[PDB]
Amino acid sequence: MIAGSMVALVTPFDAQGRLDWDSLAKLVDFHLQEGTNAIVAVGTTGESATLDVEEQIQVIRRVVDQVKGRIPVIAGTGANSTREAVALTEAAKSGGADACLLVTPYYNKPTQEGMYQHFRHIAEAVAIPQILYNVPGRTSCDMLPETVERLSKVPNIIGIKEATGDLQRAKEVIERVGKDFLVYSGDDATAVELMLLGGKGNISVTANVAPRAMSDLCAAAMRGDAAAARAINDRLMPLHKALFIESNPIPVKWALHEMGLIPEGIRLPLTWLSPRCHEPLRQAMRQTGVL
């Protein structure tokens, strides 16, 4: 199932900024062990912006090859050029990804019709399931529910990552699209509520550091055990907040390094988590039992 707790996996780098393959393999094994339901490679949290095209397909291939079909691997292949998006999605398909996640074009602010044309083109150009990704707080453009609705009728577009953390928006999307068209959260704090509304997973930053709890949270929320799901979520809340104390993935990378899982590399223009933030994050990690 392309559903449940789907980790938005970081891309580990050594201090020089080179890909750390060993650390990546360790993260994959961690996820397979702790109950994560799908891995999203080279998305926002995986620093897609600072990876070149060749590095991106390499990350995807290494993850695909290690996972060996045990859980779905989703490739972040979005771009603000339709031609570029087709190229990335094609690479990801040949590299054996199960599905691709495509952010709405950032920076260039396409019209609603332009977004339709973009996503519909990629959907017809490359025969791999595709998942939309709306994150206005990053792209500077908002794919409205009616546009999501029109795209939900396009063969090969199978779902949407809704990252606004606006639960009225979530509800409206869920009501407008078909039951086969899966709505996933991209906001850790509110994901539980999104799933209780009928959403079918969470593409999670927190799952990087608490995969078991997040896989438990999603399983509970998706079978309608609101009180159990909410109890896990309420417990995790200090951690959800602290992982955003600076722009993601700066905090989560610091957290994974503190846990001994990845080296201290992050690519400019991202910087290593500020000293003033170490304590708040560290004790949210202690409090939730990840450290």
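In this text, residue numbers run from 1 along the sequence as written.
Using only the Cα atoms and their B-factors as the entry lists them, report which of 173-181 and 112-120 averages higher.
The recorded data point to 173-181.
Can you tell me which stretch has the higher mean Cα B-factor, 5-13 or 269-277?
Averaging CA B-factors over each stretch, the winner is 269-277.
Per the entry, which of 203, 135, 167, 213 tops the list for Cα B factor?
By C-alpha B-factor in the record, 167 ranks first.
Once the chain's modelled residues are ordered by C-alpha B factor and cut into thirds, is residue 230 in the lowest, middle or highest one?
Residue 230: CA B-factor falls in the lowest third of its chain.
By the recorded C-alpha temperature factor, relative to the other modelled residues in its chain, which third is residue 48 in?
Ranked within chain, residue 48 CA B lands in the highest tercile.
Is residue 36 in the lowest, middle or highest third of its chain when residues are ranked by C-alpha B-factor?
It belongs to the lowest third of the chain when residues are ordered by C-alpha B-factor.
By its CA B factor, does residue 238 count among the lowest, middle or highest third of the modelled residues in the chain?
Ranked within chain, residue 238 CA B lands in the highest tercile.
Place residue 257 in the lowest, middle or highest third of its chain's C-alpha B-factors, as listed in the PDB entry.
Ranked within chain, residue 257 CA B lands in the middle tercile.
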